[PDB]
Protein chains: 2
Amino acid sequence: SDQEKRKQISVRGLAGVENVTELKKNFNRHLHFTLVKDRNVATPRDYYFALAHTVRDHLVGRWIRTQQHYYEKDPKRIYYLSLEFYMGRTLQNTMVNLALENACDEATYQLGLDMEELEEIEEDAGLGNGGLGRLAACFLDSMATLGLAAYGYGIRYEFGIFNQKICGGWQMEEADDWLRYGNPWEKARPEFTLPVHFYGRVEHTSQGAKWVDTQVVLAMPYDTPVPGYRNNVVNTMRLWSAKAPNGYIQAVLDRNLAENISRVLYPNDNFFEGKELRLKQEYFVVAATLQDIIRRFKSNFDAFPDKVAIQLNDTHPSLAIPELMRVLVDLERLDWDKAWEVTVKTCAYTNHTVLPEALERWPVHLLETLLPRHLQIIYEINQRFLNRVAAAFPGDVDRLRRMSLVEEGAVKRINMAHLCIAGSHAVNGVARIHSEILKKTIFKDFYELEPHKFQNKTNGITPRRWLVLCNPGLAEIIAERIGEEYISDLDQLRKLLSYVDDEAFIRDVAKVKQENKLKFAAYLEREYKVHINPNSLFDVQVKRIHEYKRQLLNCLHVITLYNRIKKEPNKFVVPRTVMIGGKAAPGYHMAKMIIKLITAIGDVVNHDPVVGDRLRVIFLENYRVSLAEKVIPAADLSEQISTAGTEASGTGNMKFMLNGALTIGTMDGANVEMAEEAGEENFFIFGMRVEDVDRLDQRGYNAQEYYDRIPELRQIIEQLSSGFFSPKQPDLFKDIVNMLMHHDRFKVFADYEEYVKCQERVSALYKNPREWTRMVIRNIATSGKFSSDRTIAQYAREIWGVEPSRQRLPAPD
Amino acid sequence: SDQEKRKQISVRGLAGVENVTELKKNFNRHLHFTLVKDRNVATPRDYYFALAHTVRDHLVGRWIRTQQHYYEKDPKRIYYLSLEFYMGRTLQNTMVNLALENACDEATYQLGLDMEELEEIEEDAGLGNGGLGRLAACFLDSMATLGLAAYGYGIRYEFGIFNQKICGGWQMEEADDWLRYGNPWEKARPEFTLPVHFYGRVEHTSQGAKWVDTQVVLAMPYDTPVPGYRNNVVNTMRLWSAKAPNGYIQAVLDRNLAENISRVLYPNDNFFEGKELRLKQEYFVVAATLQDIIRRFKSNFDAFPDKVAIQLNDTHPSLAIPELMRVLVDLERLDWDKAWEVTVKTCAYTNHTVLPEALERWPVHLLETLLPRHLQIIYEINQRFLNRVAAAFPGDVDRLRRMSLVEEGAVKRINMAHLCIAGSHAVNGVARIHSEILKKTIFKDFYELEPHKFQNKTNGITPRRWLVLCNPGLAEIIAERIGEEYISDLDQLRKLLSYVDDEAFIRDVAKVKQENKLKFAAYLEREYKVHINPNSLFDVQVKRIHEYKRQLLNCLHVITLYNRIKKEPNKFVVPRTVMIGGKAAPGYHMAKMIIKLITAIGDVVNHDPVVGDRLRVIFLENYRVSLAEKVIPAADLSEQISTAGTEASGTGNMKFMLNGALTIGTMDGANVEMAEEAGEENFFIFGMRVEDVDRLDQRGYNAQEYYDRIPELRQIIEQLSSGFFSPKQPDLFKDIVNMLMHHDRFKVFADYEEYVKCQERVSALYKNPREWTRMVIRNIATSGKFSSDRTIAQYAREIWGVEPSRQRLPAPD
Ligand SMILES: CN1CC[C@H](c2c(O)cc(O)c3c(=O)cc(-c4ccccc4Cl)oc23)[C@H](O)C1
Ligand SMILES: CN1CC[C@H](c2c(O)cc(O)c3c(=O)cc(-c4ccccc4Cl)oc23)[C@H](O)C1
Ligand SMILES: *Cc1c(COP(=O)(O)O)cnc(C)c1O
Ligand SMILES: *Cc1c(COP(=O)(O)O)cnc(C)c1O
Ligand SMILES: OC[C@H]1O[C@H](O)[C@H](O)[C@@H](O)[C@@H]1O
Ligand SMILES: OC[C@H]1O[C@H](O)[C@H](O)[C@@H](O)[C@@H]1O
Ligand SMILES: *[PH-](=O)([O-])[O-]
Ligand SMILES: *[PH-](=O)([O-])[O-]
């Protein structure tokens with residue numbers, strides 16, 4: 001008896017075979033016994049939670065079977081360390097991946113409820129800034145769908161990326177209290193809390209180095225399940241929360257200082273801010289993550305790289321290299337050389353930008369007092385690494401200074417990217433053009449030393465959330481000709497090329513875009529009382545505000561469209577609704593000025609009676625994942641106009657392509673590969689290429705030359721300077737004008753002419769609905785290469801050494 | 001259809017008819033779907049949580065039916081405002097009150113688990129300091145058992161009363177992270193959050209006063225169910241949590257300043273510390289509580305007192321009087337006189353102490369800047385109140401100065417007790433002697449003005465937790481002769497007097513005490529590796545450390561016992577294990593010195609070979625509700641030796657009586673009434689009475705007179721002064737000695753002789769087990785008057801105007 005009796009404790013049978021009667025039963029139970037409510041006081045929100053909990057049961061049932069399966073099989077495990085995971089909404093995603101959607105729709109319907117109304121109660125889990133954070137989220141969805149034993153590790157921020165409010169045309173920041181009503185998907189794990197150390201000092205006893213006199217901060221994990229598509233695999237995303245360890249009153253209040261580490265996500269995108277709190281956050285997630293990994297590995301180290309793969313999402317968790325060394329040498333007492341071997345073979349680094357001001361260079365004075373032992377370990381790694389460089393290039397002292405992990409100057413700094421390259425067995429770019437730039441520019445030296453380390457892994461988006469979820473209409477007209485296999489094998493959309501001349505398909509593609517455009521216009525009016533003509537070309541640019549992303553270039557074109565209608569008021573032009581959305585880092589002046597200019601322009605354009613509904617400029621407030629799932633499926637033209645060579649890859653570009661929009665962009669990042677897949681004849685490429693940018697830099701960029709040679713451009717600048725877009729404050733945009741004229745690192749003027757002319761070609765094709773639609777079909781049909789399933793499959797095979805699999809596990813019962 | 005379909009959403013059927021098969025089914029479900037665990041990684045803690053959640057379902061089912069019942073019936077509602085609620089453990093209490101104990105025991109047993117091991121995983125919810133907080137908790141249990149529509153309102157402190165650690169014989173404080181693993185009984189209610197205002201100013205517009213420019217702090221309620229005994233009534237305890245309202249990073253971090261209000265419970269017992277954070281806490285709970293009340297009342301004000309009763313647990317929530325006035329006058333715009341009428345008729349005040357240093361007197365300068373409008377309203381109430389006094393006693397200006405709510409001096413202060421008396425329709429003491437003292441001393445003036453307002457409501461404890469729960473053995477031997485009716489009608493224990501000469505009952509009473517003593521000794525050894533002789537008289541004094549509670553007097557007796565054994569080493573003495581436990585307010589020097597003396601004494605006594613097991617002094621570390629439920633049932637002698645007139649009532653005294661221990665105490669608080677109920681011949685009363693204390697104060701207390709006249713006392717003092725109990729630091733107790741000799745406000749020396757002689761009488765009776773046991777039976781049988789059911793019944797009938805009821809509601813299904 002005894003222990004044998006506990007065998008009754010089994011997931012054996014769960015909340016149901018996945019059908020209406022049982023779903024309704026559990027919905028009722030959760031509404032009363034979980035939310036402590038009844039049908040008389042229950043609000044739609046209470047009803048959304050009851051459905052979320054009901055659906056979560058089915059998820060957990062598989063979550064448990066999956067982890068049990070991993071413990072038994074013991075596959076090599078993959079850990080994706082990221083300081084960001086932009087997850088978005090979970091209810092619908094879960095229902096879709098688990099095939100619960102239809103049954104849940106019926107169950108709620110029978111209970112006198114509307115599921116879509118319920119689904120809309122859920123807001124985003126915005127623990128990310130944008131591209132980097134959302135890539136991680138797409139990766140999590142893909143690894144689960146590919147049957148990989150992967151874990152996402154990050155920080156559980158109390159407040160994610162701020163909510164953007166537009167006041168008087170300016171961005172205002174409001175904390176994103178995403179946990180106000182709780183989070184039904186996560187599961188706190190206090191029983192697994194681990195300690196993280198800070199400050200202290202290092203003493204060298206007779207048997208090694210000891211990091212003593214430190215301050216401790218606990219890391220409590222919160223687990224979130226990530227369901228693969230219909231394979232019954234549910235992986236985990238473990239996020240750490242900071243806790244203080246365990247006069248009198250003030251001492252208890254001061255416990256807040258330690259828990260401040262996981263309070264808020266730094267709202268910077270592609271920019272480095274050397275703040276100690278940020279450094280604490282990076283080591284916080286790293287220290288706790290590696291403990292959890294080595295522990296999970298234990299329940300000697302020669303086989304560590306065979307069972308463990310740690311992927312560094314940018315340099316943010318780079319401290320993982322000296323930490324893993326610290327643990328192996330100082331605690332496990334492995335000899336240095338063996339520890340290092342294990343370390344390099346375990347880690348791999350992914351770079352996401354080439355812009356200098358985004359790269360992390362921590363002052364050593366900050367590292368010596370906060371993580372003394374790590375600074376020591378880093379110097380040693382540096383000395384040994386440089387010794388190898390010296391050996392491979394005798395006499396090349398200059399190369400030694402260039403590759404050193406240490407930068408000299410008034411302020412000594414540690415170049416975290418160099419650290420990542422040294423301690424990683426693989427370094428990879430996120431787009432072919434980006435990966436090549438890394439090999440001939442910023443990382444040329446390292447590439448020359450270890451060519452074998454450098455790879456490329458072109459980004460991708462998950463077709464689940466970014467097609468099946470956000471664009472059900474498109475997903476169904478597609479499914480009715482080629483089936484549903486494409487959903488987890490996107491390269492099958494290639495079959496659609498067989499319908500480029502099919503009248504029924506052309507009709508359906510255009511009708512779905514129009515329904516989406518119609519639906520989006522009804523959403524804008526509803527929540528923001530904003531009107532937009534649905535029978536106009538939806539010109540959309542949504543991404544974070546950046547000088548490099550050149551929202552300003554888009555602004556110049558808008559005013560050019562406006563001026564042209566004022567010059568020839570009665571001439572016909574294809575109606576346009578230009579939409580620009582995105583947030584600016586709070587401290588990014590130019591970015592905030594750019595947002596004001598956009599609204600300022602809309603203020604003039606939108607109220608000019610002569611213009612009417614021929615042109616409308618709208619700034620989409622609070623752009624986020626949930627909004628992207630809304631506006632992107634209703635887009636016609638996708639703006640991807642970053643200066644050639646500045647956008648590592650981009651993913652928004654991919655979202656638009658899969659959703660029926662045509663692209664106008666530069667030969668930058670993945671734009672290059674999307675054009676290659678669809679054919680340049682089906683794309684709208686324009687402007688300078690990387691070479692043209694470089695040549696201009698050699699001779700020198702003089703924006704005045706373009707000003708003096710382009711009349712329409714002169715007029716626009718004169719309007720901005722004049723106070724034409726700010727009558728009550730004539731010099732309001734003086735900062736934007738001077739930047740463009742004398743300090744524009746992104747050459748907006750240099751691409752203006754080719755940009756406007758290319759925009760003319762867009763309107764031309766739009767005037768011909770049938771041809772426009774047909775070109776779109778050629779795009780949608782060639783977007784398969786950009787499925788995150790493809791990207792993860794490569795990481796798995798070329799970096800992690802694990803074979804992807806679509807094998808499905810049996811349902812819980 | 002439609003709305004009619006939602007009728008399917010019902011509590012109709014719940015987790016089970018209250019039997020094994022279904023209990024096991026839900027235990028399994030919760031273990032996997034709620035805790036996300038499986039039988040392979042599940043720890044006893046995970047198993048305790050699975051059982052707690054399983055049991056909670058049955059509680060919630062009734063919780064929902066009860067509130068639905070109240071909305072339909074619309075009875076007058078009773079709100080018990082307290083800054084403290086010392087609840088303790090909930091699992092067993094719930095199982096008992098719901099009659100789930102046996103079935104749950106069997107279900108767990110069948111699943112290969114031990115419920116008692118599981119129950120011991122649960123720790124206290126120590127949101128209280130001691131007596132006052134635990135009285136509220138007993139009151140909550142009783143109101144539910146008496147079928148009253150009552151709500152407990154307080155603050156949800158992140159950290160309750162600190163955990164006490166003894167290091168080097170001294171008390172060390174450690175934050176009580178009671179929420180580390182979560183709380184399965186509460187239910188957060190973010191959807192019911194309310195705003196609380198602070199600071200600001202008052203401007204007087206043409207239509208009234210306006211409190212503007214304030215700072216806002218949100219109050220989010222967390223509901224906890226309180227089950228009555230087998231009547232299917234589950235009331236609510238709603239506790240408020242502080243939340244901040246909704247550069248950039250620092251602004252988000254600073255949100256901690258607002259949430260600090262509900263961070264920690266001030267650890268002071270019977271002492272006032274005029275800290276702004278404390279004042280914020282008092283208004284925090286008051287402001288949010290009254291909003292919730294008026295709101296619940298709305299879903300004109302002449303009938304407010306007919307549907308609402310607000311009971312002020314001490315002066316802590318006294319701001320409820322000016323707040324209710326503020327709301328009625330400033331917001332509801334009622335004329336002053338009508339508002340006041342409604343206010344007095346709604347509120348009632350309970351006083352818990354006569355000691356001056358416990359009474360709240362807030363400096364006006366603190367009130368004007370923090371709650372300006374309330375200071376204004378208070379002055380107006382004062383002027384109008386004094387005008388009435390002036391009218392009732394013309395020319396008595398001195399009485400005006402004495403009764404004023406405002407105290408003049410260098411530092412102007414508001415006497416909160418006077419405020420409570422003025423704005424309450426009833427004021428009550430917590431014990432007959434206490435209530436009389438209030439009428440002839442500190443509140444004589446007010447009593448003279450409004451004799452009708454003053455009442456008495458003798459405290460009481462709940463027989464559920466304090467007998468059926470903590471002492472199952474006693475509860476069963478009692479149940480086998482008179483049944484179980486006494487459980488909710490304690491006056492039935494009177495029937496036991498019929499067994500004072502029954503050999504079987506005498507045998508059983510003594511055997512149960514011995515089993516408890518045996519069990520307690522096994523608990524002490526287990527967790528604290530402390531040994532105690534179970535065949536010795538268990539002399540126990542557990543309560544907070546206070547000079548007034550005179551733990552020191554007990555210390556003098558212990559050393560007297562020690563010295564006597566050293567004087568006549570071979571003379572026989574009844575073996576004793578003296579136990580003293582309790583916490584000292586962190587800043588209470590004397591109290592901390594008293595704790596050290598106790599351990600210091602144990603250090604000498606416990607290691608003296610000549611003494612051996614004839615005497616053992618033990619300091620019970622971290623005394624709390626859960627420990628009280630352990631040590632009290634194993635006690636033989638209950639120490640209640642406060643100076644006559646200082647202990648308002650006491651409740652520990654009541655706990656011991658109901659559990660089979662004899663009492664040695666002064667004629668103080670409820671000790672007076674317990675002796676009256678059992679008969680002084682069955683009690684051990686000693687020392688000065690209130691009159692004797694007062695006479696000594698008239699002529700003057702000279703401790704040297706007792707020192708010079710009592711040889712044994714001189715010896716003890718000489719030992720303390722000598723360094724006999726602190727050889728490494730001879731003058732360590734100089735503070736205790738000097739206090740006793742020259743500044744002892746509690747006259748420990750004055751009661752020493754009568755105390756020791758009375759202790760001689762105790763040992764005498766113990767030498768005769770049969771007679772001791774028989775006296776105990778006379779105590780247990782006369783403890784019925786001290787059931788909190790009796791106390792709540794009186795409040796209900798004499799103050800709240802609601803009739804108590806034992807009518808049971810139908811089970812959820
Ligand atoms: C000279 N000065 C200009 C502004 C810049 C700066 C700030 O002062 C504050 C910020 O929040 C940002 C930001 O988010 C992104 C970028 C950035 C990033 C990549 C390429 C070019 C730029 Cl300008 O720059 C920022 C920094 O102080 C250097
Ligand atoms: C003169 N001085 C003595 C100590 C006293 C004091 C403190 O400085 C600090 C404290 O934490 C307490 C406490 O908890 C209880 C009592 C108290 C309560 C009732 C009766 C008698 C006393 Cl001494 O007094 C405290 C205050 O400063 C006045
Ligand atoms: C996909 C996504 C991004 C990335 O957009 P890019 O144009 O590649 O920079 C940014 N923000 C959100 C909300 C996204 O969904
Ligand atoms: C009942 C109780 C008290 C009250 O004890 P008194 O001796 O009346 O002061 C204090 N603390 C705890 C833990 C209690 O259970
Ligand atoms: O790789 C994910 C993303 O990282 C950064 O946001 C880059 O700016 C972007 O080009 C890339 O797509
Ligand atoms: O009324 C509850 C308790 O309040 C205070 O703690 C008093 O010290 C005590 O005598 C009383 O029993
Ligand atoms: P069960 O033991 O989980 O199937
Ligand atoms: P049901 O409508 O709760 O019984």
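If you go along the chain as it appears here, the first residue is 1 and each next one adds 1.
This deposition comes from X-ray crystallography, 2.2 Å.
Yeah, the Cβs are placed from backbone N, Cα and C, and that goes for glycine too.
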According to Swiss-Prot, one residue in B:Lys439, B:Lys529, B:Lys655 is annotated as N6-(pyridoxal phosphate)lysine; name it.
B:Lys655
Could you tell me, to the nearest whole Å, how far the Cα of B:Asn246 is from the Cα of B:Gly247, given 10 unmodelled residues between them?
16
Within 10 Å of B:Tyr199 (phosphotyrosine) by C-alpha distance: pick out those among the recorded positions B:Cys104, B:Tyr151, B:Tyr447, B:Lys655, B:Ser722, and say none if nothing qualifies.
none
Can you tell me which of the recorded positions B:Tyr151, B:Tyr222, B:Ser722 is spatially closest to B:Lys655 (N6-(pyridoxal phosphate)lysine)? Compare CA atoms only.
B:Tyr151
How many Å separate the Cα of B:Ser299 from the Cα of B:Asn300, given that the 11 residues between them are not modelled?
13
So if the criterion is CB under 8 Å to a CB of chain A, which of the recorded positions B:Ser10, B:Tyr151, B:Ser721 qualify?
B:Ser10
Neighbourhood of B:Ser10 (phosphoserine), C-beta criterion under 8 angstroms, separation at least six:
none
Would you kindly give the Cα-Cα distance separating B:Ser721 (phosphoserine) and B:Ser404 (phosphoserine), rounded to the nearest Å?
46
On a C-alpha basis, identify the one among B:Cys104, B:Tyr222, B:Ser721 that is nearest to B:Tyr151 (site 'Can be labeled by an AMP analog'); the candidates are the recorded positions.
B:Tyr222
By CA distance, which of the recorded positions (B:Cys138, B:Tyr222, B:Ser488, B:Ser721, B:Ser722) lies nearest to B:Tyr447 (phosphotyrosine)?
B:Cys138
Among B:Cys104, B:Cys138, B:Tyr222, B:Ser488, which are recorded as recorded positions, the nearest neighbour of B:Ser722 (phosphoserine) by Cα:
B:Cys138
Ranked by the number of other Cβ atoms within 10 Å of their own Cβ, which of the modified residues B:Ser488, B:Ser721, B:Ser722 ranks first?
B:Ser488
Quick one: of B:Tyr199, B:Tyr447, which of the modified residues has the smallest count of other CB atoms within 10 A?
B:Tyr199
Between B:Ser721 (phosphoserine) and B:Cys104 (site 'Involved in the association of subunits'), what is the CA-CA distance rounded to a whole number of Å?
57
List, in sequence order, the same-chain residues at least six positions removed whose CB sits under 8 Å from that of B:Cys104 (site 'Involved in the association of subunits')?
B:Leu23, B:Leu51, B:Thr54, B:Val55, B:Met95, B:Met115
